[PDB]
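Colleague: Take this structure, written in structure tokens, and hold onto it; I'll ask about it next.
Here the Cβ positions follow ideal geometry from the backbone for every residue, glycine too, while neighbour counts run over all protein chains shown. Any read-out appearing in this document is the output of simple, stated calculations on the displayed coordinates, not a laboratory observation.
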Amino acid sequence: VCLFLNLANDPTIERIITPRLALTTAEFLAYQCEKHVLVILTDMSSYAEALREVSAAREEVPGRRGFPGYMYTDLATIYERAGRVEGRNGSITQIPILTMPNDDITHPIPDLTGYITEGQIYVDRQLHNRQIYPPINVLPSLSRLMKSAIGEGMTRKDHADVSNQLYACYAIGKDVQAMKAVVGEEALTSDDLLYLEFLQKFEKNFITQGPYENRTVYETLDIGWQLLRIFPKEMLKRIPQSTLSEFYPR
Amino acid sequence: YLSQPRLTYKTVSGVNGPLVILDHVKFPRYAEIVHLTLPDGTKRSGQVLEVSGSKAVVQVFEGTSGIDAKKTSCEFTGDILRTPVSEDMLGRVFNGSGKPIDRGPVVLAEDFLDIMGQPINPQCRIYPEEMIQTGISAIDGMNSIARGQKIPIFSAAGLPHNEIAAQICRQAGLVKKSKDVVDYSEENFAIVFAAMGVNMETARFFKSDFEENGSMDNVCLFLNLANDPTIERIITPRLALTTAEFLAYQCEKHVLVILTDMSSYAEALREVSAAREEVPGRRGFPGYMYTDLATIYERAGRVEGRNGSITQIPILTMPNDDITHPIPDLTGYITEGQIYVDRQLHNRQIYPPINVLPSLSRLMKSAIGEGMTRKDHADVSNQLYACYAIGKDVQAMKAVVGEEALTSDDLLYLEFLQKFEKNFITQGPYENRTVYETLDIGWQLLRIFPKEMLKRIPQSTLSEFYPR
Amino acid sequence: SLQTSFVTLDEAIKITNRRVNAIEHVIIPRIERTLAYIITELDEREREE
Amino acid sequence: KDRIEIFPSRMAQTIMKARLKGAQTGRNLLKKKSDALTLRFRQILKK
């Protein structure tokens, strides 16, 4: 483990170089010592703030929200220092984090971070308001490489359809909650009560883990199927019948 | 008049963006046209933007690229832009700059005029006194166009407003034939059409359609593809208006000018302003957009003592279907009346998708009347509108009240709705309906009910027209 | 038969009237105020630039 | 409570104007149903 601490009382300007040193060391450890490494950068909002400060000092022609127009270029220089190389063995797996001003997704910083990088996890506030931990909303979480990182041999033949179906059920359940807010139980039917029950048990069993709860992927698919069994096999559309003929009945 | 030899300079103190700054020019004047010759031999025109002592600035029309400092000639003309107007321009096709493009010859100018035009004295305005027919039954019957009225046509991206414009072009005219066709043969009507900010497919479509309709002998055409220089965008309208003026008030004709895609005009004007370093106004558009659109729209009407008129039908698109966007807002303020097209109606596969419910008019009361038309127009329009509004809101009612609780008269209202949308509005691209046919179809649609329900029609005309 | 239909239709009318009233006296003013605030904020942001 | 929680923006202006239009259409449609229901009530009590 190697560290680079920059407390809040330190000089502000040295933030623009701090991540660069870490990434340089990461490149060295990746392609000169052939070691697999994981990078973690924190509070990129402060990084953007430092860029704003240095820019406003120079009186440059500014951009949206006061930020320099060239933020995207700089963030591209910082994030694209990741990947693997032919003829080598090490790799860079980068996982930054950042805070959201006033929980606004359309704020420029998170927008550009979604645009450069490969999606989001979106620790959601409302789940945290209900003492849920990790309070993560699966619905906006995106992971482009997951589509081909799964399959027979890699993880299992039975990974993808579980995921897609569970996503669809979550989306429909939140839709049902919204429609209930509009009207209520009087115009709804049995299936809406089932979907709300599914949402409840999904926030009970799937998301909530605990500070040390270490799960395994096969057990995770088991839990996904236990949640999927709440409905009939017929109502499901995304999952082909092929997987249901092998793993639905129990 | 002018007899002095022209000057030319090999001075270039710098270039920046679409502008070229020089100096040591003798007695420069604003708005002076300037030619240029590059090292490679290309010729380009331009205009003077800034003047300050012996310093000058010229915005090159064709776009600045590869202009050396020392090897560049810059001839001066000493006159503002002047158009070679001429009656014989009908049957021709031009580009934005006025250079012909139909393999024809340069215009043998009959007279030279100022491109900007001059304001027309409000004292010598004449109120409109008679209607016209555009060939569209939905427009003539429900919403009259007088001689000299300024009616825009709001549309949006993705609608067939261009097809409507072409239809209006190939069928516009007069209805003086009420009394006799022998006196109707004296026709003195022409159309000038200014396609601007138009993509290539639509430009070709316009050229082909105008040539197909066989009435090109009274159509002037101006094209400005979106490739051409952005400044030529805001010079095409001035040429078109100057031509329309010269034809209207020097040939005593009846001209109908149709402008297309004023949003592209606004965008080009915005770009000119931003290049000119001026401070932005509201929404990024310049402050004096109101004055500019005013000086474009206000060139029309009628003149006392001259047998002629100018009618304007500008078109424009509303970004995001937003009715409070500045371009339609200012356009509505300056002009009189408005006509809509609605997404849903086009999405019902109804052509032309003309939504009459929010369509208004300002001079309909005085455009129509006994003599110039039949005596049975205004009441018919009121009845059609009232019946249609009843039918639509009644369909909204039956949507939840259930069709079983409906009265038989309710079914008559629904029948009126469906037949009105099936026949009156739908016409087809070539079904050239006249005003009289339109009123015939209107009476036929009204015949469904008894005269008792038709409570907007006077009994005096009921005893005459209803039992047909 | 008539009396049965009357007695049920009474509460039917009551619930419908409650729904329309709640809609017309709660949500519409709220949305309209939100739109006023939004227009103001957009104006502020443009003027700063 | 007095303001629907969202970040102001232009897109937000579009969505809120759409939601207002939806509420208005719902109100009109409910008014039509209430008209039919009171018609049934009156005709039942007619005689």
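Colleague: Among B:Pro314, B:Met364, B:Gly428, pick out the residue whose Cα is farthest towards the positive end of the charge dipole of chain B, where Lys and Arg carry +1 and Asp and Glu carry -1 on C-beta, about the Cα centre.
Modeller: The Cα lying farthest towards the positive end belongs to B:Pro314.
Colleague: On to the next question. Specify whether the C-alpha gyration tensor of the stretch B:201-306 places it in the rounded, prolate or oblate class, a ≥ b ≥ c being the square roots of the eigenvalues: rounded for a/c under 1.5, otherwise prolate if a/b is larger than b/c and oblate if not.
Modeller: Verdict is oblate for the stretch B:201-306.
Colleague: Then there is this: Could you tell me the number of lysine pairs in chain D with C-alpha atoms less than 30 Å from each other, where the two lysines are 8 or more residues apart or belong to different chains?
Modeller: Here the count comes out as 17.
Colleague: While we're looking at this one, here's another question. About the Cα centre of chain B, how large is the charge dipole given +1 on each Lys and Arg Cβ and -1 on each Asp and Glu Cβ? Please answer in debye to the nearest 20.
Modeller: The calculated dipole for chain B is roughly 700 debye.
Colleague: Could I have the simple spin-label model distance between B:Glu404 and B:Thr77, label points 7 Å from Cα toward Cβ, reported in nm to one decimal?
Modeller: 7.9 nm
Colleague: Right, another one. Restricting to DSSP H runs of at least four residues, report the calculated mean residue ellipticity at 222 nm for chain A, -39500 (n - 2.57) per run over all residues, nearest 500 deg cm²/dmol.
Modeller: -13500 deg cm²/dmol
Colleague: Also, quick follow-up: Tell me, what is the percent relative contact order of chain A, built from C-alpha pairs under 8 Å that lie six or more residues apart?
Modeller: Result for chain A is 14 percent.
Colleague: Give the separation of the Cα centroids, the stretch B:376-450 to the stretch A:168-207, in Å.
Modeller: Measuring centre to centre over Cα atoms gives 45 Å.
Colleague: Please name which of A:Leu196, A:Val37, A:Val182 has its Cα lying farthest along the dipole of chain A towards the positive end, using unit charges on Cβ (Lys, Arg +1; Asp, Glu -1) and the Cα centre as origin.
Modeller: Farthest towards the positive pole: A:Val37.
Colleague: What is the antiparallel percent of DSSP beta bridges lying wholly in the protein assembly as shown, to the nearest 5?
Modeller: Numbers: 37 of 67 bridges.
Here the share of antiparallel DSSP bridges comes out near 55 percent.
Colleague: Moving on. Within chain B, which complete DSSP H helices have Cα atoms spanning at least 27 Å along the helix axis and a mean Kyte-Doolittle hydropathy of -1.0 or higher?
Modeller: Result, helices passing both filters: B:378-401.
Colleague: Quick one: Cα convex hull volume of the protein assembly as shown, Å³ per residue? Mind showing how you got there, number by number?
Modeller: Values: hull volume 231.0 nm³, N = 814.
For the protein assembly as shown, the hull spanned by Cα atoms encloses 284 Å³ per residue.
Colleague: Any chance you could check the Cα centroid distance between chain C and the stretch B:100-124 for me, in angstrom?
Modeller: Result: 58 Å between the Cα centres.
Colleague: Using the Cα centre as the reference, give the magnitude of the dipole from point charges on the C-beta atoms of the stretch B:147-209 (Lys, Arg: +1; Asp, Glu: -1; all else neutral), rounded to the nearest 20 debye.
Modeller: My answer is approximately 140 debye.
Colleague: DSSP beta bridges in chain B, what fraction antiparallel, as a percent rounded to 5?
Modeller: Antiparallel bridges: around 55 percent, rounded to the nearest 5.
Colleague: Moving to a separate point now. Could you give the length gained by full extension between A:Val182 and A:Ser45, i.e. 0.36 nm per residue of separation minus their alpha carbon distance, to one decimal place?
Modeller: Values: separation 137, 0.36 × 137 = 49.32 nm, distance 3.69 nm.
Once the chain is fully extended between A:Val182 and A:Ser45, it gains 45.6 nm.
Colleague: In vacuo Debye scattering of chain B, one point per C-alpha: log10 I(q)/I(0) at q = 0.08, 0.11 Å⁻¹?
Modeller: Each listed q maps to, in turn, -0.56, -0.95.
Colleague: If a/c stays under 1.5 just call it rounded; otherwise compare a/b with b/c (prolate if a/b is bigger, oblate if not). Do that for the stretch A:185-250, with a ≥ b ≥ c from the square roots of the Cα gyration tensor eigenvalues. Provide the component values of the computation, followed by the final result.
Modeller: Values: a/c = 3.38, a/b = 1.19, b/c = 2.85.
It comes out oblate by the Cα gyration axes.
Colleague: Return the whole-Å distance between the Cα centroid of the stretch B:264-319 and the Cα centroid of the stretch A:5-62.
Modeller: 51 Å
Colleague: Moving to a separate point now. Quick check for the stretch A:107-250: number of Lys pairs with alpha-carbon distance under 22 Å, counting only pairs 8 or more apart or on different chains?
Modeller: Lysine pairs satisfying the spacing and distance rule in the stretch A:107-250 number 12.
Colleague: Within straight cross-link reach of B:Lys55, meaning Cα distance under 21 Å, which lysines are found once same-chain residues fewer than 8 apart are removed?
Modeller: B:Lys10, B:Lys26, B:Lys70, B:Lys71
Colleague: Now, a different point. Roughly how big is the stretch A:104-250's charge dipole about its Cα centre, with Cβ charges of +1 (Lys, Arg) and -1 (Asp, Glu), in debye to the nearest 20?
Modeller: Result for the stretch A:104-250 is approximately 260 debye, rounded to the nearest 20.
Colleague: Express the relative contact order of chain B as a whole percentage, based on alpha carbon pairs under 8 Å and six or more residues apart in sequence. Mind dumping the intermediate values first?
Modeller: Working: 800 pairs, mean separation 76.6, N = 468.
For chain B, the relative contact order is 16 percent.
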